[PDB]
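# Structure assessment
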Amino acid sequence: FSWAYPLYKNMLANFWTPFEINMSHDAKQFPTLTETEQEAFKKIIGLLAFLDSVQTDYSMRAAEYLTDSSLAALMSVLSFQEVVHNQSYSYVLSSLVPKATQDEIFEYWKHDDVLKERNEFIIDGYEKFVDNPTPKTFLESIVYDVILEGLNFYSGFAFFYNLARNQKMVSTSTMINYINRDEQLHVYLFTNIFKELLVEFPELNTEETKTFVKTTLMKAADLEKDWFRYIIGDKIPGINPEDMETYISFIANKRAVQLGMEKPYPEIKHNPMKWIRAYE
Amino acid sequence: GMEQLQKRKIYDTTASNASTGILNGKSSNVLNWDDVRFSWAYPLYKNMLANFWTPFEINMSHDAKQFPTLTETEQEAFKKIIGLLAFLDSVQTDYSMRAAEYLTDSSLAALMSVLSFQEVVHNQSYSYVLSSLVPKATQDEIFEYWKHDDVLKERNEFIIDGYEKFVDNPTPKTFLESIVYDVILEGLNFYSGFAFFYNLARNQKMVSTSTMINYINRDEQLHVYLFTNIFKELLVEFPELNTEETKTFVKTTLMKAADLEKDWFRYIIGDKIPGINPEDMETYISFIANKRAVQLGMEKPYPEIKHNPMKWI
Ligand SMILES: [Zn+2]
Ligand SMILES: [Zn+2]
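Residues numbered from 1 in each chain as written, not as in the entry; some residues may be left out. Chains lettered and ligands numbered in written order. Heavy atoms only, no water. Residues with missing side-chain atoms left out of burial classes, pairs and counts.

- Method of structure determination, per the deposited record: X-ray crystallography was used for this entry, reaching 1.900 Å resolution.

### Brief notes about the overall build of chain B
- Across its full length, chain B holds 12 helices and zero strands.
- The order of helices and strands in chain B, counted from the N terminus, is α-α-α-α-α-α-α-α-α-α-α-α.
- Taking the principal axes of the C-alpha coordinates as reference, chain B spans close to 65 × 40 × 35 Å.
- Partitioning the contacts of chain B with sequence separation of at least 6, the portion at a separation of at least 24 is 78%. (Helix = DSSP H or I, 4+ residues; strand = E, 2+ residues; numbered from the N terminus. Contact = heavy atoms within 4.5 Å.)

### Topic: the overall build of chain A
- What chain A contains, in helices and strands, is 11 helices and zero strands.
- In chain A, the succession of α and β elements from N to C terminus is α-α-α-α-α-α-α-α-α-α-α.
- Relative to the compact-globule value of 19 Å for 280 residues, chain A shows a C-alpha radius of gyration of 18 Å, a close match.
- In terms of its C-alpha atoms, chain A occupies a principal-axis envelope of roughly 55 × 40 × 35 Å.
- In chain A, 78% of the contacts between residues at least 6 apart in sequence involve partners at least 24 apart. (Rg over C-alpha atoms; globule rule 2.2 N^0.38 Å.)

### What about the coordination of the zinc ion (ligand 2)?
All names here are of chain A.
- Here the zinc ion (ligand 2) is held by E82 (OE), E149 (OE), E183 (OE) and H186 (ND1), and the distances to it run 1.9 to 2.3 Å.
- Bound by four donor atoms, the zinc ion (ligand 2) shows angles of 88 to 175° at the metal and therefore irregular coordination geometry.
- Spacing between the donor residues of the zinc ion (ligand 2) along the chain follows E-x66-E-x33-E-x2-H.
- Separating the zinc ion (ligand 2) and the zinc ion (ligand 1) is a distance of 3.4 Å, and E82 donates to both of them. Taken as a pair, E149 in helix 8 (residues 135-165) and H186 in helix 9 (residues 170-200) lie far apart in primary sequence, 37 residues in all. (Donors = N, O, S within 2.8 Å, 3.2 Å for Na, K, Ca; no water. Tetrahedral: all angles 85-135°; square planar, octahedral: opposite > 155°, others 65-115°.)

### Quick look at the coordination of the zinc ion (ligand 1)
All names here are of chain A.
- The protein atoms that coordinate the zinc ion (ligand 1) are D52 (OD), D52 (OD), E82 (OE) and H85 (ND1), at distances of 2.1 to 2.8 Å.
- Angles of 48 to 142° at the metal separate the four donor atoms of the zinc ion (ligand 1), which places the site in the irregular class.
- Coordination of the zinc ion (ligand 1) draws on donor residues from a single chain, spaced D-x29-E-x2-H in sequence.

### Remarks on the packing of helix 1 (residues 4-13) of chain A against helix 9 of chain A
Residues and elements named next belong to chain A.
- Helix 9 packs onto helix 1 with a crossing angle of 155° between their chain directions and a minimal axis gap of 11 Å. Taken as axis vectors, helix 1 and helix 9 run roughly antiparallel relative to one another. Where helix 1 crosses over helix 9, the two elements pack in a sense that is left-handed. Of helix 9, the residues touching helix 1 (which contributes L7, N10 and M11) are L185, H186, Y188 and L189.
- Looking at the contact of helix 1 with helix 9 residue by residue, the classes come out as five nonpolar, two polar and no charged. (Axes fitted to C-alpha atoms, helices over the stretch in contact; angles between N-to-C directions. Parallel < 35°, antiparallel > 145°, perpendicular 65-115°, else oblique. Left-handed = near helix turned anticlockwise from the far one by under 90°. Nonpolar A, V, L, I, M, F, W, Y, C, P; charged D, E, K, R; others polar.)

### Quick word on the pattern of salt bridges
- Applying the stated criterion to the full structure yields 17 salt bridges over all chains.
- Across the pair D103(A) and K99(A) runs a salt bridge, and its minimum N-O distance is 3.4 Å. Pair noted here: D103(A) and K99(A) are both in helix 5 (residues 99-105), with a separation of four residues, about one helical turn.
- Residue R266(B) pairs with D263(B) through a salt bridge whose shortest N-O separation is 3.5 Å. You can see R266(B) and its partner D263(B) sitting in helix 11 (residues 244-268), three residues apart, about one turn around the helix.
- The partly exposed category is assigned to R266(B), whose relative accessible area is 45%. (Salt bridge = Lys/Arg side-chain N within 4 Å of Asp/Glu carboxyl O. Buried < 20%, exposed > 50% of the residue type's maximum accessible area, 1.4 Å probe, protein only.)

### Observations regarding the side chain of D219(B)
All names here are of chain B.
- Structurally, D219 is set in helix 10 (residues 207-237).
- Residue classification places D219 among the buried residues on the basis of a relative accessible area of 3%.
- Sequence-distant contacts of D219, defined by excluding residues within four places in its chain, comprise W53, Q118 and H122.

### Regarding the UniProt feature "binding site: Fe cation 1" in chain A
Residue and element names in this part refer to chain A.
- As recorded in UniProt, the sites labelled "binding site: Fe cation 1" are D52, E82 and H85. A stretch of 34 residues holds the annotated residues, and the largest C-alpha distance among them is 6.9 Å, short enough that they meet in one place.
- Within the secondary structure, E82 is located in helix 4 (residues 69-96).
- The exposure class of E82 is buried, given its relative accessible area of 0%.
- When sequence neighbours within four positions are dropped, the list of residues in contact with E82 reads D52, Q55, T56, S59, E149, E183 and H186. (UniProt positions renumbered as here; feature names shortened; annotations may be inferred.)

### Quick look at the UniProt feature "active site" in chain A
All names here are of chain A.
- Mapped onto the present numbering, the UniProt feature "active site" falls at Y89.
- Mapped onto the secondary structure, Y89 falls in helix 4.
- The contacts of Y89, once residues within four sequence positions are left out, are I45, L48, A49, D52, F153 and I179.

### Description of the interface of chain B and chain A
- Contacts between the two partners involve 36 residues from chain B and, on the opposite side, 41 residues from chain A.
- Put simply, the parts of the chain that give the side of chain B that touches chain A at least two residues each are helix 1 (41-50) and helix 5 (106-133) of chain B.
- Residue composition of the side of chain B that touches chain A, grouped by class: 19 nonpolar, 10 polar and seven charged.

### Some thoughts on unusual backbone geometry
- Located in the positive-phi region is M169(A), a residue other than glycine, with phi close to 50°.
- With phi around 85°, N29(B) is a residue other than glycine that occupies positive phi space.
- With respect to the helices and strands, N29(B) occurs in the segment before helix 1.
- A residue is classified by how much of its surface remains accessible, and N29(B), at 4% relative accessible area, is buried.

### A look at the environment of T216(A)
All names here are of chain A.
- Along the polypeptide, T216 turns up in helix 10 (residues 207-231).
- Relative accessible area serves as the criterion here: at 6%, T216 is assigned to the buried category.
- Each C-alpha atom, one on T216 and one on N152, is 13 Å from the other, the two residues being 64 residues apart in sequence.
- In this structure, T216 is in contact with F121, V143, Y144 and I147, ignoring residues within four places of it in sequence.

What follows is the structure, given as structure tokens:
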């Protein structure tokens, strides 16, 4: 894996800390956002904190499962980055909302049936690996990983960048940008591992696996679109639901391609939110 | 005897975010850093994060130019010590991380992730020093000598035998034993070797290497703080472990570990390095064993050793 050392160097080079981002202006602007904007912000941060807490743990377990030293070392850097990402959401909420509200956001995952539905799709994917680690259950879990990091986070980044392009919550947008830079390399690592498992275990490189990837991406994408309809719908200018749904499909295709697999939505060939490229 | 441990659940809707116990507790596994079980966990995280460093910020050119100016015995000791430190990634099973899967506190699990990452960076820093000073073939020879070293094989069997007791029967008692071995590995093992590097640098030689060793050693102090805190909390949580037998275990294990360090020190350095008196080094190793015992809330194995004779440390 000639790419492992340059990746290691790049990940180290991207070090950042949330304590270096001043949240004062954002703190003052937050109560001036619309009701939908403030509620979607809190819900999405609640989602991301759930996802990165679980990802911290999954990646740490993955690192011990990996038999190659360089891939295990890279998985350790990734787990550490997830610790910081997750902590950054506590940092953000401690600056922007009351403590009682922070407590409530960190209990949303237990009490909202929509958030619970989507979360349990991820957990089921990870638990099958954690409870019975094999190259197949590991390979399958990586599809879930690529969904969590490459689809769910990316869908969420759009919300923050849309506020930023409207001069709202710009420090938060800056932190998201740092998380997004790390995320790109996380997806690169996981997609690389998936492709190597198919070389090492050719019995997993079948049509069945292509169908698995499509079906798993499609459900993940359906749940993302539903969530978006539920928390934002057509109430926020700059992120309409038709375009967000097309974006979600486009990103699902991109990830399928990065896994060396076939796209679930081949008709969707063009990025409907190219303005996001200016924030990355 | 003791109840067997249940692995941490990756997701538990029936539990609170703040842990109800370090082992066999309940935790949701969703980590809110402002709502954790231990008031020292977030401050520890913050101190670790503030101390970020990588070997790429350290320029090795001057060390590279100074290296040939050292005595033959100094160059050989350096190669052997840095070589071993770089080599240990290869032949060292990660029992600490297998034990970490049983921590039922999301904040402590996260800190173990930060520790593991720091170890990755420590291991790469040792390679970085070695590769700045010797060509690839020389490194390979150094590793080959360590690969077939009997003193190394015996040291690895001491550590394995202790940690294997947890894998065979994970209980709060074997977990506690494993925490003690963790304190030894980060708080005592190779401290003679680190002193070798500092002995060079106090005399203005190999200062960049010593700087990286010191960053590593600083990280290790926070790791020891974490492990000793877990030890003390385990005695509060599982009072059945707070026995005379536990005090004897800690004293015995620290003394065996101190003796092994002295043997290693004798094998590699001995009386061959200017500035290092072997009697003073051995007293310093006893002093470290005493410090760890105190940090664990235990009695000093060497009560006669009250002061550190290597004043320059
Ligand atoms: Zn993340
Ligand atoms: Zn990630």
